[PDB]
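Presented below is the structure to which this report refers.
There are 2 protein chains.
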Amino acid sequence: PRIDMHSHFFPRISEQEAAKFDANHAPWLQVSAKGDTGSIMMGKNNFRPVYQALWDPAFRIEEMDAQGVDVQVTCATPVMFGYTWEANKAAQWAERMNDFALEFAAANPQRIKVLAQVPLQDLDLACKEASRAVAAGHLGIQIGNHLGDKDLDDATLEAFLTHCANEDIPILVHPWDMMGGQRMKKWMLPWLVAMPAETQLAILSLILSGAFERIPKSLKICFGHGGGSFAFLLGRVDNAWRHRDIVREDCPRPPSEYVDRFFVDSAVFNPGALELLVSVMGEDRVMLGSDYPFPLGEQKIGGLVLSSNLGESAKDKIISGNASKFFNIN
Amino acid sequence: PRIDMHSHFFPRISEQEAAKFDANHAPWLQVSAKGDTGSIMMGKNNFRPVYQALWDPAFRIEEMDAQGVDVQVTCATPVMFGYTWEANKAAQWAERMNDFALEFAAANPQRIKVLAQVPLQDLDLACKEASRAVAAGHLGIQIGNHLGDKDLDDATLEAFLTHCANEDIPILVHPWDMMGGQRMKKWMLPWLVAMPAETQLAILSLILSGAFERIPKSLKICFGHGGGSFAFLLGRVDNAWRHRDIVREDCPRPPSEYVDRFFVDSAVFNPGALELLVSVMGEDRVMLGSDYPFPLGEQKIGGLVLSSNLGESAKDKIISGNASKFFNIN
Ligand SMILES: [Co+2]
Ligand SMILES: [Co+2]
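Protein sequence lines correspond, in order, to chains A and B. Numbered continuously in this note's numbering, the first sequence closes out at residue 330. Numbered continuously in this note's numbering, the second sequence closes out at residue 660.
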């Protein structure tokens, strides 16, 4: 069987319903008249043009069959996060978006599984919303990797991680609100450069701060897009931790020892990159993810893993094995 | 023989000489009374503590012997660049720093080779200063990877690159003035996260803009610290260029075809990282560099390459071969 655990949705959101939250920065979905194309829109600006598969759960199951993917986990498009908003307005919006998600997963909840979003800019509202959603049916939460200038070392974000680790709630960490200000203007560089760095920063933020020494080993946490550039740059981190007391102060073990404490999806779009990745993470902590349905997500879902020189057991774990232990799937 | 082509110096600069340029932003060297320790200082603030090898070319040759490195190329500590300054002041400062460099390399110019800095914020002054310096003895120029919000795609920086390509001047591109604003506060995250992303952005900036289709093939250009995270994330770039017309518009060939047009140093601090790197770049475009004398530079210079499963011939090219064609060292 095949489980793709990194994919996204966007719900049937009217201009009128989103304007009631923020007729300026609440995102909404405009579908064409035919009904197989459309755009995500902030106020009345065009944000991203999207395909029917993003919002239509029936059309999506049909593609899932063409693709040979049996169960697919899916979660909010990072533009739905609303972390910049006021906390009550975001807790309201999060509640609707996760309802929409169960509504979307209704089309076939043995094959479509959902992850919820939280108002992460408020620890209390984020914690209650995380537990409600798992009880309502979501298999876990998906969070942006940072919150303005708070990275995952921030005490509040660590508190949200521990809360989930204690309630045995799995977490997918997604790059979002990328760094870099005004420089990565064209050629989609924010996805090519800033996305991988954002992820690496999140992972390194937990490690070098000692967060893993303080968070329960029971936390199920996954970092998207191969964990950014983390695995390739890990040796540069180990060498700095050995040669610099300020790198070493909050981190008792050498940083590569902590790879036993988190997961990554397999989306790295290259056999060499994939082989190095499992070499660092181990075949048990790499899962099949595709970033479906966006252009940048590997058309042939699972094709990179299946054509690899990896073990037949390694393939089985990335394709299916680890994603069902991680998410508790039949 | 061994050639380490990535290393740095800092000259004997007094508080008062630096104050005549900017008693606020000009860096200077304070040596202890003993004289084997010291600090780089901006105005009156402590910037980096350094050790004798950074400024003492005699002490350095002695360590060069202990380390078994025959010739070492060296260049300015990126804090010396002064790209934020007024152009004439910076052209004045660059001229003194490159004189200092030849003064430093005087201690033994058959083992210490130098690269010059330029006032890159002024294309004319940068071009004259680049040619000046090569004629005075430098083997080429070292530049920060970006200039505020101008990346190597910027037409000024492209004009500086082709000026050098036409005068057959080699270029080492160094990450500097790292992105990330206020987030990577502690654990030296700017060196771990932002430095590799800066490099990757520079390389990708030339490729995806078509700069390599417009710059003469004769350009000898090298990117530091293994070219950042570029070689690992290259497949993500290829896949984006195939699936997105806006990634593809300015770039006629698929982006991984352009690895035949630049070099990288070998400083990636890991055998798997190193093996993937030469797999992407080819054994001919990877050169031994150590970032000596900073804490984060592999104290066993060349030790990573020599202990690798790479070919006897690959080792000879990285250790010695490529760095002497590139730099014209006999
Ligand atoms: Co995604
Ligand atoms: Co350096």
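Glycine included, each C-beta is placed from N, C-alpha and C at the ideal position.
When the cut-off is 8 Å and only beta carbons count, does residue i lie next to chain A?
| i | result |
| --- | --- |
| residue 576 of chain B | yes |
| residue 566 of chain B | yes |
| residue 603 of chain B | yes |
| residue 517 of chain B | yes |
| residue 510 of chain B | yes |
| residue 639 of chain B | no |
| residue 395 of chain B | no |
| residue 522 of chain B | yes |
| residue 286 of chain B | Here chain B comprises residues numbered 331 to 660, so residue 286 of chain B is not present and cannot be evaluated. |
| residue 408 of chain B | no |
| residue 569 of chain B | yes |
| residue 594 of chain B | no |
| residue 600 of chain B | yes |
| residue 485 of chain B | no |
| residue 334 of chain B | no |
| residue 541 of chain B | no |
| residue 530 of chain B | yes |
| residue 538 of chain B | yes |
| residue 348 of chain B | no |
| residue 621 of chain B | no |
| residue 289 of chain B | Limits of chain B in this structure are 331 at one end and 660 at the other, which puts residue 289 of chain B out of reach. |
| residue 386 of chain B | no |
Grab the span of the beta strand (DSSP E) containing residue i for me, first residue to last.
| i | result |
| --- | --- |
| residue 474 of chain B | 471–474 |
| residue 48 of chain A | 45–51 |
| residue 371 of chain B | 367–372 |
| residue 121 of chain A | Counting along the chain, residue 121 of chain A falls outside any beta strand (DSSP E), and DSSP gives it neither H nor E. |
| residue 414 of chain B | Element bounds for residue 414 of chain B: n/a, residue is neither H nor E. |
| residue 357 of chain B | 357–361 |
| residue 443 of chain B | 442–444 |
| residue 409 of chain B | Neither: residue 409 of chain B is in no beta strand (DSSP E) and is coded neither H nor E. |
| residue 265 of chain A | 263–265 |
| residue 268 of chain A | Unbroken run through residue 268 of chain A: none, as it is neither H nor E. |
| residue 553 of chain B | 551–553 |
| residue 589 of chain B | Taken as a continuous stretch (DSSP letters only), residue 589 of chain B belongs to no beta strand (DSSP E), as it is neither H nor E. |
For a test of your reading of the model: does the CB of residue i fall under 7 Å from any non-hydrogen atom of ligand 2? Yes or no.
| i | result |
| --- | --- |
| residue 554 of chain B | yes |
| residue 580 of chain B | no |
Give the C-beta separation of residue i and residue j to the nearest angstrom, bearing in mind that I take them to be a contact with Cβ-Cβ under 8 Å.
| i | j | result |
| --- | --- | --- |
| residue 342 of chain B | residue 385 of chain B | 6 Å |
| residue 145 of chain A | residue 106 of chain A | Their Cβ separation, rounded to whole angstroms, is 29 Å, which puts residue 145 of chain A and residue 106 of chain A out of contact at 8 Å. |
| residue 451 of chain B | residue 410 of chain B | Actually they do not touch by this definition, with Cβ atoms about 14 Å apart. |
| residue 119 of chain A | residue 103 of chain A | So it is not a contact: roughly 20 Å between Cβ atoms. |
| residue 537 of chain B | residue 581 of chain B | 6 Å |
| residue 139 of chain A | residue 328 of chain A | 7 Å |
| residue 308 of chain A | residue 271 of chain A | 6 Å |
| residue 509 of chain B | residue 495 of chain B | Not a contact, Cβ separation roughly 27 Å. |
Please indicate yes or no: does the CB of residue i lie closer than 7 Å to some heavy atom of ligand 1?
| i | result |
| --- | --- |
| residue 174 of chain A | yes |
| residue 291 of chain A | yes |
| residue 8 of chain A | yes |
What residue range is occupied by the uninterrupted alpha helix (DSSP H) comprising residue i?
| i | result |
| --- | --- |
| residue 530 of chain B | 525–538 |
| residue 564 of chain B | 560–573 |
| residue 606 of chain B | 601–611 |
| residue 480 of chain B | That residue, residue 480 of chain B, is in no alpha helix (DSSP H); it is neither H nor E in DSSP. |
| residue 353 of chain B | Per DSSP, residue 353 of chain B belongs to no alpha helix (DSSP H) and is neither H nor E. |
| residue 395 of chain B | 387–397 |
| residue 310 of chain A | No alpha helix (DSSP H) holds residue 310 of chain A; DSSP gives it neither H nor E. |
Looking at the C-beta of residue i, does it have a partner C-beta in chain B at a distance below 8 Å?
| i | result |
| --- | --- |
| residue 93 of chain A | no |
| residue 12 of chain A | no |
| residue 223 of chain A | no |
| residue 298 of chain A | yes |
| residue 295 of chain A | yes |
| residue 183 of chain A | yes |
| residue 233 of chain A | yes |
| residue 23 of chain A | no |
| residue 260 of chain A | no |
| residue 138 of chain A | no |
Are there any heavy atoms of ligand 4 lying less than 7 Å away from the beta-carbon of residue i, as far as the coordinates show?
| i | result |
| --- | --- |
| residue 159 of chain A | With respect to small molecules bound, the structure shown includes ligand 1 and ligand 2 and not ligand 4. |
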